[PDB]
Structures are given as C-alpha cells and as structure tokens.
Ligand SMILES: Nc1nc2c(ncn2[C@@H]2O[C@H](COP(=O)(O)OP(=O)(O)OP(=O)(O)O)[C@@H](O)[C@H]2O)c(=O)[nH]1
Ligand SMILES: O=C([O-])C(=O)[O-]
Ligand SMILES: [Mn+2]
Ligand SMILES: [Mn+2]
Ligand SMILES: [Mn+2]
Ligand code: NA
C-alpha cells in the first residue's frame with residue numbers, strides 16, 4: 001500500500017504492533033504519524049511497568065522530580081506561560097457560528113468561541129506538519145467511564161508528551177484492555193502535540209515543552225475530533241477531561257438525549273442507613289471537590305465520592321436519571337486544600353500522585369497557599385518557580401490553580417458504586433457559586449423549569465455569570481442547551497431530580513463569611529435529603545423554598561446569624577432580576593427559550609409583591 005517506504009510506519013513502533021490495532025485506530029495513528037513525523041510510535045499498554053519506566057525517564061531528563069517524603073509521588077514545574085486553560089485559544093468548529101454560540105447583542109460571547117472550518121484548516125496546517133520530529137508519538141487508548149459500561153465512551157489520544165501519558169493513566173482508564181473493549185467500534189479521535197519539534201527552534205524553559213504563541217485547543221464535533229497544539233498543561237493536553245467529556249460529550253448528549261455536565265456526584269447516607277445520590281454544579285473555584293469528598297460534621301452521616309468534576313447522566317428504562325463519573329482520578333486544585341477544608345483529599349494525595357506547579361519542602365514534601373500547617377524549624381521551601389521562598393514573600397509559593405492528579409480508587413471515601421456500569425440514580429441536582437450578597441444559604445426550586453432558570457442564573461463570583469458551571473465548556477449554543485435541559489420535563493416517566501441552589505459564600509457587613517462551610521455543609525445536605533423524602537421542612541418564599549425556622553440542625557453553630565444568612569431583600573432581588581434580564585438578553589437573546597423568559601417574569605412578579 002505504497003510505491004515507496006514512507007506510509008507504513010511499522011518500522012518505528014517501539015511498543016505494541018500496528019497490525020494488532022483495530023483497522024480504524026491504525027489508520028488514525030498512521031495518518032497522524034505521516035503528518036507529524038514522530039521518530040518512534042509507542043502504543044501504550046497501561047501497565048505499571050510502562051508507567052514506572054516512563055516516570056523514571058522523565059525524572060532522568062529533568063522533566064519531573066520524585067517527592068521523597070511520599071510514596072511514588074512526583075512534581076512537575078511548568079513553563080509559567082503554559083499554567084492553565086486559555087479560553088481565547090479554545091475553539092469549536094462548526095459550519096455555522098450560531099450552532100456553537102449565541103450571537104451576543106454586543107461585544108463578544110462569554111459562552112464559547114467559534115472558529116470557521118476554513119480558519120481552522122489554515123491554523124492546523126501552520127502547526128501540525130512535522131511537529132513531532134525527533135519525538136515519540138504515544139498512542140493512548142482510553143475509556144471515559146467504567147470500562148465496558150453502556151454509558152462509557154472510548155477515545156484514542158496521540159501525544160508527544162510523556163507527562164500527558166502518565167496523567168492520562170490516572171485520569172482515565174487506559175491501555176490494552178481498552179483496545180480490546182473497543183474492537184471495531186467508534187472512538188473520539190484526540191490529537192495532541194506540545195508543538196516543539198526537534199531540533200528546538202526556541203529555548204526550552206523549565207524542561208517544559210510548549211509553544212504558547214501557537215497554542216490552540218480545537219474541537220470538531222461533526223468530525224468527532226479534538227485537536228490540541230502547543231500546551232502541555234491540564235485541560236489543554238489531557239483531552240478526555242474537558243475537551244471530550246464536556247465539550248464534545250455535551251454536543252453528543254444533546255443529540256442523543258442525555259447530559260454531560262460539570263458536576264460532582266456524591267452518595268449521602270443518613271443515620272438510618274438510607275442513601276441517596278446528588279449531583280452538584282459549581283463553577284471552578286467554588287468548591288466542588290470539597291463537597292464531593294466532604295467529611296460531614298453531623299454525627300451518623302456519611303458522604304462518599306463518585307466523582308468530583310464531570311457527570312454523564314442518562315435516564316434509564318425506569319425513568320431514573322443515572323450518572324457516571326467518566327473520569328478515573330481527581331485533578332484537583334491544590335492551594336486551599338488542608339486538613340480543615342478537605343481532609344479526605346489530604347489522605348488521598350500521599351501516594352501515587354502527580355503534582356503540578358506546587359512548592360516543594362526540603363524534606364521532599366509539598367506545600368501551597370492555604371495548606372494551613374506549619375513546617376518544623378529548619379524546613380525550607382522551594383517555590384513552583386524553582387526559587388527559594390519564605391512566607392513573607394510577595395508572590396505565592398504555588399501557582400493559584402496548581403493541581404494534584406490522583407487515582408480515584410485511592411480515595412478513602414470513594415463510593416462503592418463509583419464504577420458501577422449502570423450509574424447511580426440522581427435524586428437531587430445542586431447549583432451554586434459565590435454570592436457575597438443577597439442569596440440565602442440554600443433554596444429549592446419550584447419546578448423543573450424554575451430549576452433550569454436557577455442554573456442559568458448561577459455565578460462564579462458576585463460579578464460573573466457562569467450558567468450551570470459550564471461557561472468555558474458548552475459544546476454548542478447555550479440557548480439550545482437550555483432548551484435541551486427543559487425538554488427533560490417532557491420525557492414520559494422521567495423521575496426529575498429536585499433542584500436546589502446553595503451559597504457557601506454570603507458575607508456579613510464586615511466581609512466575614514456568615515456560614516462556616518466545609519464539613520458543616522452536611523447540615524444543608526441533611527435538609528435536602530429530607531426534602532427529597534417529602535418532609536414538611538420548607539417555607540415558601542419569592543425565590544423558592546427555604547428551610548423552616550428550626551429545620552436546619554445548627555447544634556455546635558450558635559454563633560451563626562440566621563436571619564442575616566437566610567434574609568431575602570426586595571431591593572436586592574429586584575436588582576438581581578434586572579441583571580439576569582440584561583445578561584440573558586445580551587448573551588442569549590434570540591436563542592433564549594420561552595420557558596426561561598417565563599421564569600424570569602414569574603420571579604420578577606413574585607418579588608413585586610413583596
Ligand atoms: N467559604 C467557603 N469556601 C469554600 C467552601 N468549599 C470550598 N470553598 C472554597 O472553594 C475553593 C476551592 O474550590 P476549587 O477546588 O477551586 O473548586 P472546584 O469546583 O473543585 O474547581 P475545578 O476543580 O476547577 O472544577 C477554595 O477557595 C475554598 O476555600 C465552603 O464551604 N466555604
Ligand atoms: O480543571 C478543572 O476542573 C477546571 O478548570 O474546571
Ligand atoms: Mn533523552
Ligand atoms: Mn475540583
Ligand atoms: Mn472543573
Ligand atoms: Na519543569
């Protein structure tokens with residue numbers, strides 16, 4: 001199948017065999033090898049020997065350091081240009097812009113970024129030819145979801161980054177068993193390169209290959225492709241997570257009738273042994289991982305984690321909304337993680353964990369802002385920028401969105417059903433974000449449609465809208481996403497979860513948090529649980545149902561200002577409704593569903609009667 005010798009890449013395979021790949025996986029690999037010109041092709045097996053050897057290789061090259069205080073833990077320090085997702089370089093390609101994002105009445109969209117097929121083709125041609133010269137192309141066969149689950153979906157990621165291979169081993173199920181499960185089926189095609197072919201054209205910084213100027217994270221849902229160039233970091237390189245399991249998957253979910261969401265999934269057991277599963281969407285920086293792994297303060301309750309970040313949810317034959325965690329690990333923010341804020345994460349991350357952009361202590365441990373624990377005298381700190389550091393210093397010792405990357409099966413409170421292939425039955429959906437003023441600790445939506453409106457009104461901070469926690473992640477037009485959520489009410493026999501909204505972040509007149517939060521949030525979960533069971537524990541208000549006086553267990557919290565935390569001001573809510581109206585008109589306009597407009601007016605009307 002060639003007149004010469006450059007099409008068949010068999011001679012460059014250094015692990016596995018192209019002949020044993022399913023036919024369409026071989027075509028994907030070989031086509032991209034022809035394009036990218038890697039030196040070597042390594043078909044990953046997912047084995048512990050492969051992983052160990054690749055960590056040791058990175059360690060020898062200076063790409064990662066072993067953290068000698070802990071068991072098989074590692075630290076990567078990046079080029080400070082690479083350190084986060086970059087929305088302006090994250091795009092979705094469709095034939096028509098409006099299918100990807102609504103057309104905003106002014107400015108640019110806050111709800112996604114479209115690129116034309118033409119522009120993408122030019123961008124691709126300016127980046128990928130030859131991009132892997134001198135490097136190994138690793139072929140990562142991975143499952144998003146428990147292997148073999150009816151709700152799981154398989155991808156193949158090609159990458160030139162060992163860091164990505166190691167991290168994908170933690171964050172997804174990868175290796176030979178996935179190829180076996182895939183057989184001749186369909187898969188999402190994921191192509192990644194750090195964009196630094198050898199010999200290097202530009203200086204390597206911190207032993208971290210990246211190409212910031214050309215960084216581009218593209219999604220082609222009608223080709224079932226994700227193509228990412230130039231960043232080695234996080235959501236830009238681990239293509240299963242945000243690119244596949246939110247942006248691609250949300251588009252698929254819309255077409256097929258299910259939901260792909262930026263939600264934790266937790267199981268909560270009351271003192272009588274009754275257990276329910278809840279899903280919660282909070283924006284980045286608003287505490288999903290804390291809640292998902294909560295150590296409850298209320299005696300007799302238990303919380304167990306199914307996932308901390310992404311949920312795929314589909315109604316079953318009996319009308320239960322079943323959720324799976326499509327991830328295999330937790331890719332959690334390190335700063336702010338302490339024994340007080342997340343004791344179960346602290347336990348989790350002491351073995352088999354990769355840390356990125358945190359500080360290292362002189363005894364080979366980790367450190368970060370908010371770790372809230374002192375070091376022995378004499379123990380010194382190296383910042384994430386590889387410089388000596390002391391607490392008085394002007395800049396943080398860890399990057400603010402530095403991360404740990406840890407196996408889920410580790411977590412001491414991992415839920416027993418976290419890999420059940422049928423998924424767990426969701427009985428409540430929680431929305432929430434950071435509202436320093438106005439918004440009570442917890443309220444319950446009046447209806448499904450009201451709950452969709454409440455999702456649409458979420459904020460990641462007082463100022464910033466982040467509907468459904470999906471602002472950076474919508475795979476398609478957010479108006480159409482709202483219509484898709486609203487359509488669930490018309491699915492016969494659907495057991496629609498109860499919808500709540502929480503606010504951990506209300507502040508008093510002095511800027512102090514009114515609610516202590518963290519494991520105390522168990523008290524709010526208890527109220528939700530009773531509400532799902534039909535307890536008469538709610539009082540009707542203009543915004544939804546709130547707890548009755550005395551309904552929340554506040555034992556141990558007598559210093560809480562209840563009236564203030566729980567207060568609803570006409571003045572605040574008049575302004576809230578006007579702000580929501582202006583935001584939806586500006587950002588959604590012609591794509592805003594009937595029923596969302598109707599919920600906005602209904603809320604305005606109820607507030608007018610206060
Ligand atoms: N006051 C208060 N802060 C909280 C609570 N739970 C979490 N936080 C804060 O939430 C932040 C940590 O949340 P993140 O790990 O960034 O949130 P996430 O939702 O997991 O974000 P991604 O992993 O980026 O999706 C820190 O600032 C915490 O102090 C709470 O109950 N009360
Ligand atoms: O990495 C994440 O979870 C994020 O950015 O939301
Ligand atoms: Mn070398
Ligand atoms: Mn998180
Ligand atoms: Mn997230
Ligand atoms: Na480095």
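Residue numbering: from 1, along the chain as shown.
Backbone N, Cα and C define each Cβ position, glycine as well.
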For the Mn(2+) site that Swiss-Prot assigns to 242, 309, which of 192, 262 is also named?
262
Which single residue out of 81, 85, 98 does Swiss-Prot record at the substrate site shared with 233, 234, 235, 284, 401, 402, 403?
85
434, 435, 491: which one does Swiss-Prot list with 285, 286, 287, 288, 289, 290, 403, 518, 519, 520, 521 for the GTP site?
434
So one of 105, 347, 507, 512 should carry the feature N6-acetyllysine according to Swiss-Prot; which one?
512
Do you know which of 66, 275, 509, 575 is annotated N6-acetyllysine by Swiss-Prot?
509
Test of record reading: of 89, 201, 254, 548, which one does Swiss-Prot tag as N6-acetyllysine?
89
Given the recorded positions 88, 284, 289, 401, 402, which one's Cβ is surrounded by the fewest other Cβ atoms within 10 Å?
88
Listed recorded positions with Cβ under 6 Å from ligand 4, out of 89, 234, 284, 403, 520:
none
With the substrate site defined by 85, 233, 234, 235, 284, 401, 402, 403, which remaining residues of that chain have Cβ atoms positioned within 8 Å of the Cβ centroid?
83, 84, 331, 333
Measuring Cα to Cα, how many Å separate residue 235 (substrate binding site) from residue 242 (Mn(2+) binding site)?
6
Under DSSP, is residue 512 (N6-acetyllysine) helix, strand or coil?
coil
Taking only the residues the record lists as binding substrate, namely 85, 233, 234, 235, 284, 401, 402, 403, what is the largest Cα to Cα distance between any two of them, in Å to the nearest whole number?
17
Near ligand 2, which of the recorded positions 284, 309, 401, 509 have CB less than 6 Å from any of its atoms?
284, 309
Highest Cβ count within 10 Å among the recorded positions 285, 286: which residue is it?
286
Taking residue 401 (substrate binding site) as the reference, which of 88, 242, 289, 309, 509, 520 (the recorded positions) have a CA within 10 A of its CA?
none
